[PDB]
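The next block holds one structure in the form of structure tokens; read it before the comments.
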Amino acid sequence: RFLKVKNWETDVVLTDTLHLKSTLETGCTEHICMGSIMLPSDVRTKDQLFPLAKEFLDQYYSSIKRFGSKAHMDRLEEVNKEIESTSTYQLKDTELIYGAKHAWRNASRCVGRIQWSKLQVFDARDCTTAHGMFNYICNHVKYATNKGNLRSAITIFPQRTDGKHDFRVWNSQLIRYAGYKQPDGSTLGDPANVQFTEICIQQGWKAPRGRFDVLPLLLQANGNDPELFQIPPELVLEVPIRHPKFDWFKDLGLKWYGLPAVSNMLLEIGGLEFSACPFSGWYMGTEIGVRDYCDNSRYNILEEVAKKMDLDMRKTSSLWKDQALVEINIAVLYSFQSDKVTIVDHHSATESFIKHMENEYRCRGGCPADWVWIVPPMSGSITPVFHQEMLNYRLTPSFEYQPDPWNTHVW
Amino acid sequence: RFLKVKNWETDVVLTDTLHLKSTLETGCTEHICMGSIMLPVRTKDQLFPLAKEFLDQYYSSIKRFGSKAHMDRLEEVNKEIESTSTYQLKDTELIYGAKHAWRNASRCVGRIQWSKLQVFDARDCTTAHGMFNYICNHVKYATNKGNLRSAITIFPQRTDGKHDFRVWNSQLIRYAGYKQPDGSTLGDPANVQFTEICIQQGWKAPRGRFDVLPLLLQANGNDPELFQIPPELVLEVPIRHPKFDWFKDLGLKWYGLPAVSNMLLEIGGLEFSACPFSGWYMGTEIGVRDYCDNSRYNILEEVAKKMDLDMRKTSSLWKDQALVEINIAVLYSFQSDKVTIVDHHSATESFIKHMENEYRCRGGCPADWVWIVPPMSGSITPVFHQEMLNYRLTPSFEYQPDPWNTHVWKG
Ligand code: HEM
Ligand code: HEM
Ligand SMILES: Cc1cc(N)nc(CCc2cc(CC[C@H]3COCCN3C)cc(F)c2F)c1
Ligand SMILES: Cc1cc(N)nc(CCc2cc(CC[C@H]3COCCN3C)cc(F)c2F)c1
Ligand SMILES: C[C@H](O)[C@H](O)[C@H]1CNc2nc(N)[nH]c(=O)c2N1
Ligand SMILES: C[C@H](O)[C@H](O)[C@H]1CNc2nc(N)[nH]c(=O)c2N1
Ligand SMILES: [Zn+2]
């Protein structure tokens, strides 16, 4: 009941008590582990909402060393009064900032959480239209990009009410490249976005049908139909990809954007649901070089790179795929570091996370962590997280997945 | 109840019903996932249901469920248990049980081969000298001059837990490790504790960097005894690189036969505490883990030095570069000496085919993603993208405590 995690490279053993505070469910049972399932998982009735608010307020006032205080009980009664009457409640700015930082802090799949306390929270709860959402998002992009000195940020749009007036960003990320099918059968641009790249065209967009076309924003306010907006190109920081040794690398014609900005998740704070909460940080190099470029279902450039290196692609045991993979990821890091755009390699990021884990075990009693997501997609066992046992459990406040809006939108 | 797993690279969806036959527990609950935890006496009372379950499965597989042979065997095992408190497996049952313990091993990527296991019945063995003889014959048979063959040798089952057969070596063939007074280590740092035990038991240590450890063998609960495997039975491979002529000068070699000898085989409630089994290597086991773990031979630096990589900043990916070259060298050396080995691309591709076949013919394939995904180049192998369900079937291989921690010494 008081659990232990061992690092098998260092024998460091930490004891976890934070999991006992867990509230939600994992999808696992004593009979079957679902640890490798990508996604396990209406108006919150008045009965369900108040305990959720109380648990959240309790930890908030605990964290400011005012648990069981004057203002604690007052705020507890005031929110209880507000739920009994309005059937919801509004967070104070301070509570909102705490809830957002702690949603990041509790994100067991995120290797970058050592930075959790430095998040910049933009309160967009006064927003009413998609033009206004576009305005809030442009300011977010510009603030976070910071001319390449990237800064973490989240912008929080108004919370769900009856499920009919949902604020949604239809893009999965604020900045992504278009993808189109070819008349023959191949795919031009990013194959992961083919369905969305169409719903943009199949709703108004005029595509250059290039390979790296920055998609427009599809923004939905108060449950209305979504609207297209182009992010000002001067706000989208992009990096051409060259190699520090191979001058033909430049000729491959590769680029990527500097700002990773997830926009399709649901932020849950004290029972309240924020369906539109785009957040952004900076990249770990393998996200681009390993996954975006080398996934067979994505840009899938391994074959053409290996050919230009003139590797023996006859037999898999020559490890030509692994060799190209390394070079591709050297170039990504080299390109960002040269153009002065923040990026972290998987060695630094995982070493940071071990230090963060030991901070969380020491000052909080644990850190929920999903090994399947934390270990990088290359060179797994030469990073320290590979040898780190991790306990995965769900704390709140949290970021949660939510249905794609086009499947849900009463159009 | 049915359960689905999705391959996110191909969208292939499989349906698991086999998890319904799962008995043992995983360690996970609805509130915590223990998926990354490395490691998460028996009376007549509980033994006959375990025997019945195993014999029902055995007779089902041979299309004889409910037959007179089946009913007679159940009755015969019933009486033998109530009269003698244990029972003996027929040869057919033992072979079936050991193959299925491998087939059920959710952490094993090599299970496509499970039906071709060569089973050696050593249940008539009575002394450590007799154990040495059986293990020598196993090593010679399994090695087969480099054309490796899977094999398991099965010593007598546990009785009262005070007469166990045990192989004290964790693997049949392993290199010694010696802690020096200056704190440094000569040989395999993983084996320092076991090396010390061997020396204390009388082994004259050559004190080199690749000394094959003696066998320490325990029969019938007696004190263990030292034996030296004939060197002509220990097939080894000098490690050279196909492009880097300086790589041979690193002085590296490895043995050809991976043979795990510290696990416990459970069949129908019976416990076989000495059951060495052997296959052939996946290249990464040597090149990634054995050579490049920080806690093992740890040659990343000296390799990256001789390669003259930028070793000042990790973002140069010198560690990942040297890792690939070392793993190319291991595969090249084994193939050149015609010693069986499989690279991680071939092995994971075969496992996906195996897994899909098992879903079709068997209703499931329990699988531990944390262990199946290789320790380098994770996401460019197809298992990274495969959802897996982990559960426990019997017959099974289990961990057991190291015998030096439990043995009662006779003197
Ligand atoms: C600042 C540097 C950051 C780094 C280096 C980083 C790194 C990562 C990486 C590599 C992943 C794996 C995701 C994938 O493979 O697709 C991830 C997941 C995640 N990150 Fe972070 N991240 C950062 C900032 C943030 C911020 C600012 C937030 C929220 C405020 C956040 C929340 C999350 C969440 C919720 C997930 C998992 C979501 C899912 O299940 O898909 N991250 N992060
Ligand atoms: C024939 C080729 C085989 C290959 C390529 C192979 C490969 C592997 C690998 C790479 C692992 C991961 C273990 C580690 O990283 O230390 C593993 C685990 C395992 N293998 Fe296989 N294996 C083979 C044959 C066998 C055989 C013949 C058996 C038993 C009859 C077996 C039983 C197991 C078991 C029980 C585990 C679990 C290890 C543990 O939990 O410590 N394997 N295998
Ligand atoms: C803030 C931030 C920093 C950083 N370094 N990277 C990211 C993007 C990774 C990321 C991705 C996703 C989407 C998950 C889906 C997308 O479809 C492919 C399969 N995948 C399961 C959610 C996140 F919450 C997240 F974080 C975000
Ligand atoms: C039959 C066979 C084929 C093949 N290709 N490889 C092997 C060796 C891998 C292997 C290794 C181990 C050791 C388990 C723990 C011990 O503590 C340190 C960490 N270590 C993981 C057990 C196995 F059961 C096993 F299989 C065996
Ligand atoms: C903590 C973690 O479970 C541990 O490092 C595991 C991870 N996956 C592994 N996978 C394999 N094949 N072998 C291992 O030893 C390990 N070690
Ligand atoms: C099936 C498996 O869960 C899936 O491929 C996961 C594995 N681990 C991952 N890890 C990260 N960081 N990101 C991912 O998208 C995935 N995908
Ligand atoms: Zn689990």
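How things are named: the first chain in the structure tokens is A, the next is B, and so on; residues count from 1 in each chain; ligands count from 1 in the order shown.
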
Quiz prompt | Counting only C-alpha atoms, chain A residues within 8 Å of chain B, as an MDAnalysis selection string | solution = chainID A and resid 5 9 19 22:38 290:291 294:297 316:319 321:323 325:326 330 333:334 344:345 347:348 371:372 376:382 389:394

Exercise. Write out as a PyMOL selection string the residues lying within 10 Å of segment 258-262 of chain B, counting only C-alpha atoms and excluding same-chain residues fewer than 4 positions away.
Key: chain B and resi 138-139+142-143+148+150-153+166-174+273-282+285+398-403

Selection to disk with C-alpha atoms, as a PDB file, in the first residue's frame:
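Once written, part.pdb looks like this:
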```
ATOM      1  CA  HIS B 138      22.318 -29.658 -23.265  1.00  0.00           C
ATOM      2  CA  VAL B 139      25.077 -27.182 -24.183  1.00  0.00           C
ATOM      3  CA  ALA B 142      21.882 -26.611 -28.224  1.00  0.00           C
ATOM      4  CA  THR B 143      25.086 -25.182 -29.706  1.00  0.00           C
ATOM      5  CA  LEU B 148      21.698 -23.177 -32.529  1.00  0.00           C
ATOM      6  CA  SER B 150      16.250 -24.407 -28.645  1.00  0.00           C
ATOM      7  CA  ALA B 151      16.344 -26.743 -25.682  1.00  0.00           C
ATOM      8  CA  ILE B 152      15.314 -27.094 -22.045  1.00  0.00           C
ATOM      9  CA  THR B 153      16.551 -29.613 -19.447  1.00  0.00           C
ATOM     10  CA  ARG B 166      18.895 -25.524  -8.332  1.00  0.00           C
ATOM     11  CA  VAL B 167      21.359 -24.147 -10.833  1.00  0.00           C
ATOM     12  CA  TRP B 168      22.973 -21.286  -8.912  1.00  0.00           C
ATOM     13  CA  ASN B 169      24.193 -19.625 -12.123  1.00  0.00           C
ATOM     14  CA  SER B 170      21.681 -17.186 -13.582  1.00  0.00           C
ATOM     15  CA  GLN B 171      22.754 -18.324 -17.075  1.00  0.00           C
ATOM     16  CA  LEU B 172      24.682 -21.481 -17.973  1.00  0.00           C
ATOM     17  CA  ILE B 173      27.413 -19.454 -19.718  1.00  0.00           C
ATOM     18  CA  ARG B 174      28.422 -16.030 -18.327  1.00  0.00           C
ATOM     19  CA  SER B 273      13.151 -25.174  -9.705  1.00  0.00           C
ATOM     20  CA  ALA B 274      15.968 -26.264 -12.041  1.00  0.00           C
ATOM     21  CA  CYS B 275      15.004 -26.025 -15.699  1.00  0.00           C
ATOM     22  CA  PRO B 276      17.788 -24.398 -17.793  1.00  0.00           C
ATOM     23  CA  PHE B 277      16.546 -23.368 -21.225  1.00  0.00           C
ATOM     24  CA  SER B 278      18.389 -21.899 -24.179  1.00  0.00           C
ATOM     25  CA  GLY B 279      17.733 -20.351 -27.547  1.00  0.00           C
ATOM     26  CA  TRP B 280      19.716 -17.956 -29.703  1.00  0.00           C
ATOM     27  CA  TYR B 281      20.510 -14.276 -29.245  1.00  0.00           C
ATOM     28  CA  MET B 282      18.812 -11.193 -30.548  1.00  0.00           C
ATOM     29  CA  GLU B 285      20.889  -8.282 -26.031  1.00  0.00           C
ATOM     30  CA  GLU B 398       8.457 -17.625 -12.847  1.00  0.00           C
ATOM     31  CA  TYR B 399      11.175 -15.867 -10.957  1.00  0.00           C
ATOM     32  CA  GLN B 400      12.441 -17.369  -7.734  1.00  0.00           C
ATOM     33  CA  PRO B 401      14.787 -15.959  -5.098  1.00  0.00           C
ATOM     34  CA  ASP B 402      18.491 -16.488  -5.483  1.00  0.00           C
ATOM     35  CA  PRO B 403      19.388 -19.761  -3.749  1.00  0.00           C
TER      36      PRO B 403
END
```

Exercise. Write out as a PyMOL selection string the residues lying within 10 Å of segment 162-172 of chain A, counting only C-alpha atoms and excluding same-chain residues fewer than 4 positions away.
Key: chain A and resi 42-44+127-130+133-134+137+156-158+176+193+196-197+199-200+215-224+226-227+261-266+273-278+404-406+409-410

What would the file look like if the residues just selected were written as a tab-separated table (two decimals), in the first residue's frame with N, CA and C atoms?
```
chain	number	residue	atom	x	y	z
A	42	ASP	N	-25.22	14.52	-19.93
A	42	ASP	CA	-23.77	14.72	-19.90
A	42	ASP	C	-23.36	15.76	-18.86
A	43	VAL	N	-24.14	16.83	-18.74
A	43	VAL	CA	-23.83	17.93	-17.82
A	43	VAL	C	-23.65	17.37	-16.41
A	44	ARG	N	-22.44	17.53	-15.87
A	44	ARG	CA	-22.09	16.98	-14.56
A	44	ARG	C	-23.11	17.39	-13.51
A	127	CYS	N	-13.79	35.07	-23.61
A	127	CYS	CA	-13.90	34.94	-25.06
A	127	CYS	C	-15.30	34.50	-25.47
A	128	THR	N	-15.79	35.06	-26.58
A	128	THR	CA	-17.14	34.74	-27.06
A	128	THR	C	-17.24	34.30	-28.52
A	129	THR	N	-16.23	34.55	-29.36
A	129	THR	CA	-16.34	34.28	-30.79
A	129	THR	C	-15.07	33.60	-31.29
A	130	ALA	N	-15.15	33.06	-32.51
A	130	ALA	CA	-13.98	32.40	-33.09
A	130	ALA	C	-12.93	33.41	-33.53
A	133	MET	N	-11.18	33.89	-30.34
A	133	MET	CA	-10.29	32.74	-30.12
A	133	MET	C	-9.05	32.84	-31.00
A	134	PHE	N	-9.23	33.21	-32.27
A	134	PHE	CA	-8.08	33.38	-33.15
A	134	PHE	C	-7.12	34.41	-32.58
A	137	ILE	N	-5.22	33.00	-29.68
A	137	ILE	CA	-4.26	31.97	-30.09
A	137	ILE	C	-3.06	32.61	-30.75
A	156	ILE	N	-6.74	29.31	-21.86
A	156	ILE	CA	-7.89	28.56	-21.36
A	156	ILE	C	-9.17	29.28	-21.74
A	157	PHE	N	-9.95	28.65	-22.61
A	157	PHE	CA	-11.21	29.21	-23.08
A	157	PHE	C	-12.34	28.85	-22.12
A	158	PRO	N	-13.54	29.41	-22.31
A	158	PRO	CA	-14.61	29.20	-21.32
A	158	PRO	C	-14.97	27.72	-21.15
A	176	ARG	N	0.49	22.49	-37.73
A	176	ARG	CA	0.74	21.19	-38.35
A	176	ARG	C	0.76	21.37	-39.86
A	193	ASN	N	-2.66	13.88	-41.14
A	193	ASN	CA	-3.60	14.99	-41.18
A	193	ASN	C	-4.50	14.95	-42.42
A	196	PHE	N	-8.09	15.70	-41.64
A	196	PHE	CA	-8.30	17.08	-41.24
A	196	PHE	C	-7.99	18.04	-42.38
A	197	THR	N	-6.90	17.81	-43.12
A	197	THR	CA	-6.58	18.62	-44.29
A	197	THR	C	-7.73	18.65	-45.28
A	199	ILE	N	-11.21	18.20	-44.29
A	199	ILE	CA	-12.25	18.96	-43.61
A	199	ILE	C	-11.97	20.46	-43.65
A	200	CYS	N	-10.71	20.87	-43.85
A	200	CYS	CA	-10.43	22.28	-44.10
A	200	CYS	C	-10.80	22.68	-45.53
A	215	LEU	N	-1.38	24.27	-41.93
A	215	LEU	CA	-2.83	24.20	-41.92
A	215	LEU	C	-3.42	25.47	-41.30
A	216	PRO	N	-4.64	25.84	-41.69
A	216	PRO	CA	-5.33	26.95	-41.03
A	216	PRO	C	-5.96	26.46	-39.73
A	217	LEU	N	-6.38	27.42	-38.91
A	217	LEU	CA	-7.09	27.09	-37.68
A	217	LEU	C	-8.58	26.95	-37.95
A	218	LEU	N	-9.19	25.96	-37.32
A	218	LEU	CA	-10.63	25.72	-37.39
A	218	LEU	C	-11.16	25.90	-35.97
A	219	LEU	N	-11.77	27.04	-35.70
A	219	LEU	CA	-12.08	27.44	-34.34
A	219	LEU	C	-13.58	27.46	-34.13
A	220	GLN	N	-14.02	26.90	-33.01
A	220	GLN	CA	-15.44	26.75	-32.68
A	220	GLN	C	-15.70	27.39	-31.32
A	221	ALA	N	-16.51	28.45	-31.32
A	221	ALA	CA	-16.91	29.15	-30.11
A	221	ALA	C	-18.37	28.86	-29.79
A	222	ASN	N	-18.65	28.62	-28.51
A	222	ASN	CA	-20.02	28.52	-27.99
A	222	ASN	C	-20.87	27.53	-28.79
A	223	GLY	N	-20.24	26.49	-29.33
A	223	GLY	CA	-20.95	25.46	-30.04
A	223	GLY	C	-21.35	25.79	-31.46
A	224	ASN	N	-20.95	26.95	-31.99
A	224	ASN	CA	-21.29	27.28	-33.36
A	224	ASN	C	-20.43	26.47	-34.34
A	226	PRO	N	-17.39	25.82	-36.89
A	226	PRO	CA	-16.01	26.31	-36.83
A	226	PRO	C	-15.68	27.19	-38.03
A	227	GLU	N	-14.73	28.10	-37.82
A	227	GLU	CA	-14.32	29.06	-38.84
A	227	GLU	C	-12.84	28.92	-39.12
A	261	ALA	N	2.30	22.48	-29.92
A	261	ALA	CA	1.19	23.15	-29.24
A	261	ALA	C	-0.04	22.27	-29.35
A	262	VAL	N	-0.29	21.46	-28.33
A	262	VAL	CA	-1.42	20.55	-28.35
A	262	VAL	C	-2.70	21.32	-28.09
A	263	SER	N	-3.70	21.11	-28.96
A	263	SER	CA	-4.94	21.87	-28.85
A	263	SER	C	-6.22	21.04	-28.75
A	264	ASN	N	-6.16	19.71	-28.71
A	264	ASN	CA	-7.40	18.93	-28.74
A	264	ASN	C	-7.73	18.24	-27.42
A	265	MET	N	-7.04	18.55	-26.33
A	265	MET	CA	-7.29	17.86	-25.08
A	265	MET	C	-8.26	18.63	-24.20
A	266	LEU	N	-8.72	17.95	-23.15
A	266	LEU	CA	-9.69	18.51	-22.21
A	266	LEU	C	-9.00	18.68	-20.86
A	273	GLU	N	-14.88	21.49	-16.76
A	273	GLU	CA	-14.28	20.94	-17.98
A	273	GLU	C	-13.98	22.05	-18.97
A	274	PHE	N	-12.71	22.17	-19.35
A	274	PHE	CA	-12.22	23.16	-20.30
A	274	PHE	C	-11.87	22.42	-21.58
A	275	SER	N	-12.80	22.42	-22.53
A	275	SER	CA	-12.68	21.68	-23.78
A	275	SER	C	-11.72	22.33	-24.77
A	276	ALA	N	-11.35	23.58	-24.55
A	276	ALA	CA	-10.47	24.32	-25.46
A	276	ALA	C	-9.37	24.93	-24.60
A	277	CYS	N	-8.20	24.32	-24.63
A	277	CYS	CA	-7.12	24.71	-23.74
A	277	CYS	C	-5.77	24.44	-24.40
A	278	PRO	N	-5.50	25.03	-25.57
A	278	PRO	CA	-4.23	24.76	-26.25
A	278	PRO	C	-3.04	25.10	-25.36
A	404	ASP	N	-13.05	13.65	-31.25
A	404	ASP	CA	-12.87	14.62	-32.32
A	404	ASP	C	-14.20	15.33	-32.56
A	405	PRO	N	-14.20	16.66	-32.67
A	405	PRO	CA	-15.48	17.39	-32.69
A	405	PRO	C	-16.33	17.12	-33.91
A	406	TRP	N	-15.74	16.80	-35.07
A	406	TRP	CA	-16.58	16.59	-36.25
A	406	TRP	C	-17.46	15.35	-36.10
A	409	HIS	N	-20.18	17.12	-33.55
A	409	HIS	CA	-20.81	18.42	-33.71
A	409	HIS	C	-22.19	18.29	-34.35
A	410	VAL	N	-23.21	18.75	-33.63
A	410	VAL	CA	-24.53	18.98	-34.20
A	410	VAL	C	-24.39	20.11	-35.22
```

Practice problem: Compute the set of protein, DNA and RNA residues whose minimum atom distance to ligand 3 is at most 6 Å, using only C-alpha atoms and all ligand atoms, and state it as a list in words. | Solution: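 Checked against 6 Å with only C-alpha atoms and all ligand atoms; the hits are residues 260, 261, 262, 279, 280, 281, 282, 283 and 284 of chain A.
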
Quiz item: A:132, A:210, A:40, A:99: which is nearest residue 117 of chain A, counting only C-alpha atoms?
Solution: A:99

Practice problem: Just list the residues in segment 76-274 of chain B DSSP gives helix (DSSP H, G or I) on the backbone, as a VMD selection string. | Solution: chain B and resid 76 to 84 91 to 103 111 to 116 128 to 146 189 to 200 231 to 233 245 to 250

Write down as a compact mmCIF listing (two decimals) with N, CA, C and O atoms, in the first residue's frame the residues of segment 109-332 of chain A whose backbone DSSP state falls under strand (DSSP E or B).
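Output contents, as saved in out02.txt:
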```
# COMPACT_ATOMS: atom_id res chain seq x y z
N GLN A 120 2.96 29.63 -18.22
CA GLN A 120 2.29 30.91 -18.39
C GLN A 120 0.84 30.64 -18.73
O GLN A 120 0.55 30.02 -19.76
N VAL A 121 -0.08 31.08 -17.88
CA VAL A 121 -1.49 30.75 -18.02
C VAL A 121 -2.21 31.99 -18.55
O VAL A 121 -2.18 33.05 -17.92
N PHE A 122 -2.80 31.88 -19.74
CA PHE A 122 -3.57 32.97 -20.33
C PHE A 122 -5.05 32.68 -20.13
O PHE A 122 -5.58 31.71 -20.69
N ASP A 123 -5.70 33.50 -19.32
CA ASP A 123 -7.13 33.41 -19.04
C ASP A 123 -7.92 33.97 -20.21
O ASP A 123 -8.00 35.19 -20.39
N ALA A 153 3.27 27.79 -22.29
CA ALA A 153 2.06 28.57 -22.15
C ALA A 153 0.83 27.70 -22.38
O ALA A 153 0.87 26.71 -23.11
N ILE A 154 -0.27 28.10 -21.75
CA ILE A 154 -1.60 27.55 -22.00
C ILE A 154 -2.58 28.72 -22.05
O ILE A 154 -2.43 29.69 -21.30
N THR A 155 -3.54 28.63 -22.96
CA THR A 155 -4.64 29.59 -23.06
C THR A 155 -5.92 28.81 -22.78
O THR A 155 -6.14 27.76 -23.38
N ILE A 156 -6.74 29.31 -21.86
CA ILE A 156 -7.89 28.56 -21.36
C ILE A 156 -9.17 29.28 -21.74
O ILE A 156 -9.45 30.39 -21.26
N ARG A 168 -14.09 24.68 -28.87
CA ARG A 168 -13.19 23.64 -29.36
C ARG A 168 -12.24 24.25 -30.38
O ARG A 168 -12.64 25.07 -31.20
N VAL A 169 -10.97 23.85 -30.30
CA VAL A 169 -10.02 24.00 -31.40
C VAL A 169 -10.02 22.68 -32.15
O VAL A 169 -9.67 21.63 -31.58
N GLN A 173 -3.01 20.05 -33.23
CA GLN A 173 -1.99 20.98 -32.79
C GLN A 173 -2.24 22.31 -33.49
O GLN A 173 -2.82 22.35 -34.57
N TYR A 177 1.39 20.41 -40.55
CA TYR A 177 1.49 20.45 -42.00
C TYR A 177 0.37 19.66 -42.64
O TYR A 177 -0.07 18.64 -42.12
N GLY A 179 -1.80 17.38 -45.39
CA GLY A 179 -1.60 16.10 -46.06
C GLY A 179 -2.71 15.78 -47.05
O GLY A 179 -3.89 15.90 -46.72
N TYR A 180 -2.35 15.39 -48.27
CA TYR A 180 -3.32 15.10 -49.32
C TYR A 180 -3.00 13.77 -49.98
O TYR A 180 -1.83 13.40 -50.13
N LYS A 181 -4.04 13.05 -50.40
CA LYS A 181 -3.84 11.83 -51.17
C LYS A 181 -3.59 12.17 -52.64
O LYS A 181 -4.11 13.16 -53.17
N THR A 187 0.79 9.65 -50.76
CA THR A 187 0.32 10.73 -49.90
C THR A 187 1.33 11.88 -49.91
O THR A 187 2.53 11.66 -49.71
N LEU A 188 0.83 13.09 -50.13
CA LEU A 188 1.65 14.30 -50.21
C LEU A 188 1.49 15.11 -48.93
O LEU A 188 0.36 15.46 -48.55
N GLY A 189 2.60 15.43 -48.29
CA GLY A 189 2.56 16.11 -47.01
C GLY A 189 2.46 15.13 -45.86
O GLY A 189 3.01 14.02 -45.93
N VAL A 214 1.37 24.90 -43.85
CA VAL A 214 0.81 25.13 -42.52
C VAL A 214 -0.71 25.18 -42.63
O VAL A 214 -1.27 26.03 -43.34
N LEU A 217 -6.38 27.42 -38.91
CA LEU A 217 -7.09 27.09 -37.68
C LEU A 217 -8.58 26.95 -37.95
O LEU A 217 -9.16 27.72 -38.73
N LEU A 218 -9.19 25.96 -37.32
CA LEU A 218 -10.63 25.72 -37.39
C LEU A 218 -11.16 25.90 -35.97
O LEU A 218 -11.03 25.00 -35.13
N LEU A 219 -11.77 27.04 -35.70
CA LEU A 219 -12.08 27.44 -34.34
C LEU A 219 -13.58 27.46 -34.13
O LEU A 219 -14.32 27.98 -34.97
N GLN A 220 -14.02 26.90 -33.01
CA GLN A 220 -15.44 26.75 -32.68
C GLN A 220 -15.70 27.39 -31.32
O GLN A 220 -15.17 26.94 -30.31
N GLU A 227 -14.73 28.10 -37.82
CA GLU A 227 -14.32 29.06 -38.84
C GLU A 227 -12.84 28.92 -39.12
O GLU A 227 -12.05 28.63 -38.22
N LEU A 228 -12.46 29.15 -40.38
CA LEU A 228 -11.06 29.06 -40.77
C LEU A 228 -10.34 30.38 -40.54
O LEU A 228 -10.87 31.46 -40.83
N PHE A 229 -9.10 30.29 -40.06
CA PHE A 229 -8.21 31.44 -39.95
C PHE A 229 -6.79 31.00 -40.27
O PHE A 229 -6.35 29.94 -39.83
N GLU A 238 9.69 28.38 -38.32
CA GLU A 238 10.05 27.13 -38.97
C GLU A 238 11.57 27.02 -39.10
O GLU A 238 12.28 28.03 -39.10
N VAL A 239 12.06 25.78 -39.21
CA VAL A 239 13.48 25.49 -39.22
C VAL A 239 13.83 24.60 -40.41
O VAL A 239 13.43 23.42 -40.42
N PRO A 240 14.59 25.07 -41.39
CA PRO A 240 15.04 24.17 -42.46
C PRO A 240 16.04 23.18 -41.90
O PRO A 240 16.83 23.51 -41.02
N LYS A 255 11.80 20.66 -43.56
CA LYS A 255 11.70 21.68 -42.53
C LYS A 255 10.74 21.17 -41.46
O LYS A 255 10.05 20.17 -41.65
N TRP A 256 10.75 21.84 -40.31
CA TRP A 256 9.73 21.61 -39.30
C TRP A 256 9.52 22.91 -38.54
O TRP A 256 10.36 23.82 -38.57
N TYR A 257 8.40 22.98 -37.84
CA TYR A 257 8.06 24.17 -37.06
C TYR A 257 8.62 24.06 -35.65
O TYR A 257 8.77 22.97 -35.09
N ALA A 261 2.30 22.48 -29.92
CA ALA A 261 1.19 23.15 -29.24
C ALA A 261 -0.04 22.27 -29.35
O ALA A 261 -0.77 22.33 -30.34
N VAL A 262 -0.29 21.46 -28.33
CA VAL A 262 -1.42 20.55 -28.35
C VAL A 262 -2.70 21.32 -28.09
O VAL A 262 -2.81 22.05 -27.10
N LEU A 266 -8.72 17.95 -23.15
CA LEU A 266 -9.69 18.51 -22.21
C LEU A 266 -9.00 18.68 -20.86
O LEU A 266 -8.46 17.71 -20.31
N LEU A 267 -9.03 19.90 -20.34
CA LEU A 267 -8.45 20.21 -19.04
C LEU A 267 -9.53 20.14 -17.97
O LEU A 267 -10.55 20.84 -18.07
N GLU A 268 -9.33 19.30 -16.97
CA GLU A 268 -10.31 19.12 -15.90
C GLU A 268 -9.76 19.66 -14.59
O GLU A 268 -8.72 19.19 -14.11
N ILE A 269 -10.45 20.65 -14.02
CA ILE A 269 -10.06 21.27 -12.75
C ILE A 269 -11.28 21.30 -11.84
O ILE A 269 -12.26 21.98 -12.15
N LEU A 272 -14.81 21.03 -13.20
CA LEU A 272 -15.11 21.84 -14.37
C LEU A 272 -14.28 21.39 -15.57
O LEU A 272 -13.13 20.97 -15.44
N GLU A 273 -14.88 21.49 -16.76
CA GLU A 273 -14.28 20.94 -17.98
C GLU A 273 -13.98 22.05 -18.97
O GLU A 273 -14.89 22.77 -19.40
N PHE A 274 -12.71 22.17 -19.35
CA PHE A 274 -12.22 23.16 -20.30
C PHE A 274 -11.87 22.42 -21.58
O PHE A 274 -10.78 21.84 -21.71
N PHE A 279 -2.08 24.17 -25.28
CA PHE A 279 -0.86 24.39 -24.52
C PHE A 279 0.36 24.05 -25.37
O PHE A 279 0.30 23.30 -26.34
N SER A 280 1.50 24.63 -24.99
CA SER A 280 2.69 24.55 -25.83
C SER A 280 3.91 24.58 -24.93
O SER A 280 3.87 25.12 -23.82
N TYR A 283 10.18 21.32 -28.26
CA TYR A 283 10.31 19.94 -28.73
C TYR A 283 11.44 19.19 -28.04
O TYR A 283 12.47 19.76 -27.67
N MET A 284 11.23 17.88 -27.88
CA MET A 284 12.34 16.94 -27.76
C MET A 284 12.64 16.45 -29.17
O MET A 284 11.72 16.16 -29.94
```

Quiz item: Any idea what's packed within 9 Å of residue 110 of chain A, counting only C-alpha atoms, ignoring anything in its chain fewer than 3 positions away? Could you give it as JSON, numbers by chain?
Solution: {"A": [104, 105, 106, 107, 113, 369, 370, 373, 374]}

Practice problem: Give the answer as one residue: which of A:3, A:84, A:350, A:109 has the shortest atom-to-atom distance to residue 15 of chain A, using only C-alpha atoms? | Solution: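 The answer is A:3, which sits nearest to residue 15 of chain A.
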
Quiz item: In Å, with one decimal, what is the gap from atom CA of residue 407 of chain A to atom 21 (Fe, counted along the ligand's line) of ligand 1?
Solution: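 Interatomic distance, atom CA of residue 407 of chain A to atom 21 (Fe, counted along the ligand's line) of ligand 1: 26.1 Å.
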